[PDB]
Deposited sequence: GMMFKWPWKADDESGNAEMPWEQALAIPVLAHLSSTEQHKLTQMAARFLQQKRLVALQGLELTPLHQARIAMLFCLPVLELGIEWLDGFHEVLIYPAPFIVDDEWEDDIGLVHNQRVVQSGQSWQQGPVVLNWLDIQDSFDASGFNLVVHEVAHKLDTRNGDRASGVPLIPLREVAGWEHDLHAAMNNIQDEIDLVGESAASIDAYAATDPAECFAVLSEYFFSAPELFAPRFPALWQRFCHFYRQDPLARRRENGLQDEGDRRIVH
């Protein structure tokens, strides 16, 4: 009968939401499931708990933006397992389904920095204008120059760290230095899953993300 929403919420990435935020996320996730299909492929079977959690992850980055920011897709295709040279090629080609895999979704529940759902949502936010993926989501025109400035500076800063300490030890996943679209998506993963690594390191860009997402995940870890 009922979806197991309360249980669904009990995962690390969602653990610091206020009770208000948890109830609002639950309503949006319920609406998500009304409006979009989660299509499990190749024999994968997703339980109501899994379905509920996946919906809530999709809704997290748009909690204060609204479900209409996810209008760029009708379906989500979920493979059991993973199959990013072709990934980024695909990214910069848009109404297509979001494509995920279950192994990476399960990792997306923890508070590690990695979140494939948030990553893919970020790409949809970047292209919501109908524009090609540029690492810049829908923001006022006067801010674009400054956004791109701060984004590209962060990308070079990530490359500098990779050159100094190596890929394995780098503070932000090295994939962020790939290109601006990937930088936005990877830093969006940190914004929600590991804000403590983002905010101190890129204060100007952090402020821009807070204002764009209308959320402050670091402050939320305070009460």
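- No alpha-carbon coordinates exist for the deposited sequence positions 1-16, 100-109, 120-124, 255-267, given here in order along the chain.
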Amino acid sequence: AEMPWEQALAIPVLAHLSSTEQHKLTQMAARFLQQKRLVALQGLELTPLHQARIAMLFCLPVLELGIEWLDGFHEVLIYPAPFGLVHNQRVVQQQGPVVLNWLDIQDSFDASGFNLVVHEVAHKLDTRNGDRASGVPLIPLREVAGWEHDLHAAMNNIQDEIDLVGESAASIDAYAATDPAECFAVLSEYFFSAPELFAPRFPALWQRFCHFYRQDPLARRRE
From here on, numbers count along this sequence of modelled residues.
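- Here the stretch with the larger average CA B-factor, out of 120-128 and 104-112, is 104-112.
- Taking the PDB entry as given, 94-102 carries the higher mean Cα B factor of the two stretches 70-78 and 94-102.
- Highest CA B-factor among the listed residues (188, 51, 171, 26): 171.
- Split the chain's modelled residues into thirds by C-alpha temperature factor. Residue 210 is in the lowest one.
- In this PDB entry, residue 136 carries a Cα temperature factor that places it within the lowest third of its chain's modelled residues.
- Ranked against the other modelled residues of its chain, the C-alpha B-factor of residue 64 as given in the entry falls in the middle third.
- Split the chain's modelled residues into thirds by C-alpha temperature factor. Residue 175 is in the highest one.
- Residue 183: CA B factor lies in the lowest third for its chain, per the PDB record.
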